[PDB]
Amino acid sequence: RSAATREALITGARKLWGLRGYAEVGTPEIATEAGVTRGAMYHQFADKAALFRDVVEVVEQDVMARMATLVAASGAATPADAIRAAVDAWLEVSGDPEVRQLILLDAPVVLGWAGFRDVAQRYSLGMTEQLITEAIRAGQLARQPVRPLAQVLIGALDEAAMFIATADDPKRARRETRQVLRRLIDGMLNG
């Protein structure tokens, strides 16, 4: 009922905000894309930022699923290589124009730094802590506090992606940033 209205609005908002940006598309154009009335939409989402919060949830869920698939298919032979593949998976997925617009450009502005970090952590801390735990278990990473290392790496990888997203020469920014991340990673990983 309401569930069908919400899903149509989220799908339409993800589509139009992904192409043009949050700031460039109003709720009436999203209601049209979804095939619902302004009244039906206002019942589900009091304002534009509320609909954006639900779009970010669905997009970050998809980002983490896509990364998990790339890591499973990468052929990583050890936990250290799984971390390396996860970093390359994030640079790949972050380059999707919709992910760049919604997550790297719009989400920090609409959610703020605190809001962005909360979403980032809820979606990525589990996978990141698992990668670290498996590398420590395999003796390829020093025994150390898992949560602080996970948090710092998430902050480093989110900033890496945002640097590429806003660069004058994204292709060169991506190449140079991948090199930095690989050096940083390899300095923690043993052998």
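Heads up: residue numbers just count along the shown sequence, starting at 1. Only the largest set of C-alpha atoms that superpose within 1.5 Å between the two forms is called the rigid core.
In summary, of the stretches 98-106 and 117-125, 117-125 shows the greater Cα distance from the shown form in 9 other deposited structures of this protein, with structures fitted on the rigid core.
Per the PDB record, of the two stretches 138-146 and 53-61, 138-146 carries the greater mean B-factor over its C-alpha atoms. Relative to its counterpart among 150-158 and 64-72, 64-72 has the higher mean temperature factor, C-alpha atoms as listed in the PDB entry. Annotation for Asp47: CA B-factor lies in the highest third of the chain's modelled residues.
Among all modelled residues in its chain, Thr177 ranks in the middle third by Cα B-factor. Annotation for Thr32: C-alpha temperature factor in the lowest third relative to the rest of the modelled chain, per the entry. Sort the modelled residues of the chain by CA B factor and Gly12 lands in the lowest third. In this PDB entry, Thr128 carries a Cα temperature factor that places it within the lowest third of its chain's modelled residues.
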